[PDB]
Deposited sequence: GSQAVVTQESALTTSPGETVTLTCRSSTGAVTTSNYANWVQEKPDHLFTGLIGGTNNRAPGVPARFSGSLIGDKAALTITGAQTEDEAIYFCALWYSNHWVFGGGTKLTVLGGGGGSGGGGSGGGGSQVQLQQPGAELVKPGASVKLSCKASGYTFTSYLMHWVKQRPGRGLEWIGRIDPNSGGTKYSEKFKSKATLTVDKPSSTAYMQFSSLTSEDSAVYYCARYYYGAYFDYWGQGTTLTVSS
């Protein structure tokens, strides 16, 4: 059975304070081999990778964000919170051949180029199939793994799997191992995810995100909203 990754459900801070968020593994201590990543969700479904590899901050992220290990947990510290830091923060831990996302922490702050291009939506019938696309622009598609993530209300982020665009090699989560089909087309720098026999259980926003070994989920697509409805 897959590990459960636990985050505080909600924390409150105020402008100028230092605040720390944590990410616990059900299997034992979080270590550097879990390559802890931190991703920020801002309104309008805007995701940005902040930290990966435990403590490696992504380019362009404000320096007040830092990652460490504390108390057998991964920890994100915001040193001097700003009003715009009010957001949901997800961690992700690597377990040898899959990522697991934590449930997210809603941070309230009281008092306040590279593109991954995804179509906005798919409206499909129950029982139908769909092929979701994610076109990479502004970087070398074959140099990064392409990950896919599902977001449903009350269910956080859920890692589906990833593809190596150089080989088409895939790794899936247990939940998606017999469900998602990932492919790429190299000449058009596009990644695809196919599903069949869809139901309302599949209605969600699906994101692609790039990753480089030891680094971070820096850039995310805007998400395709899949609505499975008669």
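Unmodelled regions of the deposited chain sequence (numbering from residue 1, in sequence order): 1, 114-127.
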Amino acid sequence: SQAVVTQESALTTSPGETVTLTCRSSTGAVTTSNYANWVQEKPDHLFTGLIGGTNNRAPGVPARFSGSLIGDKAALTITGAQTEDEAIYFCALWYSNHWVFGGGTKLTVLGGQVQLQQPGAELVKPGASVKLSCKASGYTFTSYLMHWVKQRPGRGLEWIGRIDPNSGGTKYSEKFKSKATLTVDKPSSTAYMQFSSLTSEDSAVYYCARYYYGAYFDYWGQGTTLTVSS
From here on, numbers count along this sequence of modelled residues.
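The mean Cα B-factor in the deposited entry runs higher for 26-34 than for the other of 50-58 and 26-34. Stretch comparison (199-207 versus 185-193) by mean CA B-factor in the PDB entry places 185-193 on top. For the set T105, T77, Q113, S133, the PDB entry puts the maximum C-alpha B factor at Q113. Annotation for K150: CA B-factor lies in the lowest third of the chain's modelled residues. When the CA B factors of the chain's modelled residues are split into thirds, the value for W220 lands in the lowest one. In this PDB entry, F141 carries a Cα temperature factor that places it within the highest third of its chain's modelled residues. The entry lists a Cα temperature factor for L226 that places it in the lowest third of the chain's modelled residues. In the deposited entry, the Cα temperature factor of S68 places it in the lowest third of its chain's modelled residues.
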